[PDB]
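*Asks:* Pasting an experimental structure, sequence included:
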Amino acid sequence: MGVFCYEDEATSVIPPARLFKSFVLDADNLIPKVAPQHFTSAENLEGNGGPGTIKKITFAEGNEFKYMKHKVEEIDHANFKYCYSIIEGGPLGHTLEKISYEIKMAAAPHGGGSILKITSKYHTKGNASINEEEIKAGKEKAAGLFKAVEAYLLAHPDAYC
């Protein structure tokens with residue numbers, strides 16, 4: 001193998017159909033809608049925003065090339081599963097050949113509660129090991145993004161697609 005796989009668990013009462021189309025499908029649309037910072041900008045290097053799409057985000061503008069690059073592993077709205085992979089990001093990591101993050105959604109049997117799961121994959125040279133704490137920090141950042149998207153739904157929980 002040589003790759004560490006971690007899974008995150010999140011329980012919340014949210015609609016999987018609207019949440020996925022509003023959080024996963026409208027993820028690139030809700031990000032800008034919030035208008036959190038105007039000093040950063042995202043650009044799609046290739047792809048229409050689906051599986052194999054290449055997106056790059058840079059904090060500074062005016063650069064022909066972006067130091068940070070984002071690549072999507074695969075997007076399947078039918079299975080409510082999303083795969084996100086990262087090629088390079090600032091320091092990226094030590095002995096970390098690559099870092100990918102996947103977001104999956106599922107509906108509970110009660111019929112009134114959806115659970116979100118996230119998976120991460122880190123390619124290590126081989127003699128290098130990743131600590132759960134080091135990767136845990138990355139999870140905290142992802143959780144923050146969820147709070148932002150959740151805040152929007154809280155302001156308009158009756159929104160309809």
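*Replies:* Nice, I can see it. Residues are numbered from 1 along each chain as shown.
*Asks:* so what's residue 41 bridging to?
*Replies:* Applying DSSP bridges to residue 41 gives these bridge partners: residue 58.
*Asks:* need the contact list for it.
*Replies:* Neighbour list for residue 41: 57-58, 61 [criterion: CB atoms under 8 Å, 6 or more residues apart in numbering]. C-beta: built from backbone N, CA, C; applies to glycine.
*Asks:* From these, keep the buried residues only.
*Replies:* The neighbour-count criterion (16 or more other CB atoms under 10 Å) marks residue 58 among the contacts of residue 41 as buried.
*Asks:* any idea which of the contacts of residue 41 is closest to residue 105?
*Replies:* Distance from residue 105 was checked for each of those by CB to CB. The minimum falls on residue 57, at 23.5 Å.
*Asks:* Kindly provide the distance from that closest one to residue 25.
*Replies:* Distance check for residue 57 against residue 25: by CB to CB, to the nearest Å, it reads 19 Å.
*Asks:* List the beta-bridge partners for residue 9.
*Replies:* With DSSP bridges applied, the residues forming beta bridges to residue 9 are residue 117.
*Asks:* isn't it right up against residue 104?
*Replies:* No: taking contact to mean CB atoms under 8 Å, the distance of 10.8 Å between residue 9 and residue 104 leaves them out of contact.
*Asks:* For stretch 151-160, output the C-alpha coordinates as CSV.
*Replies:* Output in CSV follows, covering the C-alpha atoms of stretch 151-160 (Å, rounded to 0.1, in the frame of the first residue of the first chain):
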residue,chain,number,x,y,z
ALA,A,151,-24.4,28.7,8.4
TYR,A,152,-25.8,29.5,5.0
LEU,A,153,-28.4,26.7,5.3
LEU,A,154,-29.2,28.0,8.8
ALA,A,155,-30.0,31.5,7.4
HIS,A,156,-32.2,29.8,4.7
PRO,A,157,-33.1,26.2,5.8
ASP,A,158,-36.2,26.4,3.5
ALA,A,159,-34.1,27.0,0.4
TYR,A,160,-35.2,24.9,-2.6
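*Asks:* Return the residues in contact with the closest residue to residue 69 other than its chain neighbours.
*Replies:* If the residues on either side of it in the chain are set aside, residue 69 comes closest to residue 87, at 4.5 Å by CB to CB, 6 or more residues apart in numbering. With contacts defined as CB under 8 Å, 6+ apart, the neighbours of residue 87 are 69-71, 98.
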